[PDB]
């Protein structure tokens, strides 16, 4: 029901994903937003190069300034694509969360605390994703996977 679990990773976190993100796969991320957070992000990456920066198939980016939002996008050859902004965000400073990223055939389906949050259509085949990055102001209790 959950495997390859990593606990209290240091942020910034970069880790290799154990198996392939095929339709049906869940990525489960539990954490807490620090009282002073501006933003954090979960990036599903093709590799871990820093310079040049690895491509990001799915960038999921809660932001806390202003009214708060989540920005999602894809990074290819160090250039961002079209931004998808979700203004109804469940994240709050000083509150804990369970993010479930469900890989479907045509998109990611993301829920927080069991409530649907957003959809993100695949722009790169998810089979090419091999690295998970978590950056910014966030505390992560655990990262787990359930494949297929």
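Numbering follows the first chain given and starts at 1. Definition used throughout: the rigid core is the maximal C-alpha set that superposes within 1.5 Å between two forms.
Participant: Just give me the stretch that moves more in 6 other deposited structures of this protein: 126-134 or 5-13, judged by RMS C-alpha distance after a core fit.
Facilitator: It is 5-13 whose C-alphas lie farther from the shown form in 6 other deposited structures of this protein.
Participant: Look up the CA B-factors in the entry and say which stretch, 41-49 or 63-71, has the higher mean.
Facilitator: Comparing 63-71 with 41-49, the higher average CA B-factor belongs to 63-71.
Participant: Looking at the entry, does 114-122 or 50-58 show the higher mean C-alpha B-factor?
Facilitator: It is 50-58.
Participant: Where does residue 87 sit by CA temperature factor within its chain: lowest, middle or highest third?
Facilitator: It falls in the top third of the chain.
Participant: Please say which third, lowest, middle or highest, residue 1 falls into when its CA temperature factor is compared across its chain.
Facilitator: According to the entry, residue 1 has a C-alpha B-factor in the chain's highest third.
Participant: What third of its chain, lowest, middle or highest, does the C-alpha temperature factor of residue 24 fall into?
Facilitator: As the PDB entry reports it, the C-alpha B-factor of residue 24 lands in the highest third of its chain.
Participant: Residue 93: which third of its chain by C-alpha temperature factor?
Facilitator: Its C-alpha B-factor, which the entry lists for residue 93, ranks in the middle third among residues of this chain.
Participant: When the deposited Cα B-factors of this chain's modelled residues are ordered and cut into thirds, is residue 146 in the lowest, the middle or the highest one?
Facilitator: For residue 146, whose C-alpha B-factor we compare with every modelled residue in the chain, the answer is the highest third.
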